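First up is the structure itself, then whatever we jot down about it.
Don't worry about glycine lacking a Cβ; one is built from the backbone with ideal geometry, like all the others, and counts go over all protein chains shown. Here, each number is a calculation from the coordinates, and none is a lab measurement.
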Amino acid sequence: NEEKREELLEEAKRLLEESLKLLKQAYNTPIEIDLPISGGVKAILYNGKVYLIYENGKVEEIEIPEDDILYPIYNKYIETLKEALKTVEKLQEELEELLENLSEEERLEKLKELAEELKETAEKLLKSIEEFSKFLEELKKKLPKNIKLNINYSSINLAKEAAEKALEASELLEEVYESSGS
């Protein structure tokens with residue numbers, strides 16, 4: 001049955017690599033929003049900064065006051081993504097060290113710890129994603145019928161797929177832990 005455990009562990013490692021990749025891509029991917037009644041201006045959200053890019057090619061970095069409704073939600077999303085990136089990289093390093101390596105029961109405990117932290121991080125990320133998506137959908141509802149907002153959900157979908165892959169890896173690690181501790 002150790003071969004089954006090996007298959008599950010390597011699948012979890014693969015899913016963790018994929019999760020880290022998708023998380024870095026999501027952090028790199030900016031949130032684009034074609035602002036309305038502005039002469040085809042696009043509001044780009046990148047690294048906690050807001051940029052207006054005009055059709056002619058002008059780009060202005062606009063500082064958003066801490067009081068606007070968008071700043072807190074977007075910053076919470078950014079910070080959750082950043083913290084998830086750090087946590088996932090830490091857990092990846094720990095799982096690699098585990099696979100390389102003392103005490104089988106301690107390794108079972110370590111796998112349980114890894115999976116629990118992975119699950120918590122994935123669920124917090126999904127929670128932040130849901131909050132930000134609800135905010136954006138309400139923002140688009142607060143608009144006239146003719147006026148339409150075209151948002152590029154690339155980063156949000158990347159983050160959601162990454163959180164789901166992390167959850168899958170966590171549940172695979174949990175299967176390993178259960179089938180081994182018993």
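For the stretch 1-37, a tally of residues being charged (D, E, K, R), in a helix (DSSP H, G or I) and either surrounded by fewer than 16 Cβ atoms within 10 Å (Cβ to Cβ) or at positive phi (or both) returns 11. In a residue-by-residue description of the stretch 81-89, the property of being over 30 Å from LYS140 (Cα atoms) and charged (D, E, K, R) applies to at least one position. Of the candidates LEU125, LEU136, the single residue that is surrounded by 18 or more Cβ atoms within 10 Å (Cβ to Cβ), over 20 Å from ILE69 (Cβ atoms) and of a type in the set (A, V, I, L, M, F, W, C) is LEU125. The set of residues from the stretch 76-104 being surrounded by fewer than 11 Cβ atoms within 10 Å (Cβ to Cβ) and either closer than 18 Å to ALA162 by Cα or in contact with a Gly (Cβ under 8 Å, 6 or more places away or on another chain) (or both) comprises just one member, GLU93. Picking from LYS13, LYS21, which residue would you name as being of a type in the set (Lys, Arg), under 12 Å from the mean Cα position of the chain (by Cα) and more than 30 Å from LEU143 (Cβ to Cβ)? None of the other options fit; the residue is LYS21.
Selection of the stretch 47-75 for residues being surrounded by 15 or more Cβ atoms within 10 Å (Cβ to Cβ) and under 19 Å from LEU125 (Cβ atoms) yields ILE73, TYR74. Within the stretch 42-73, restricting attention to residues that are out of contact with any helix residue (DSSP H, G or I) (no Cβ under 8 Å at 6 or more places or on another chain) and in a loop (DSSP other than H, G, I, E, B), which residue is farthest from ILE151 (Cα to Cα)? It comes out as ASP67.
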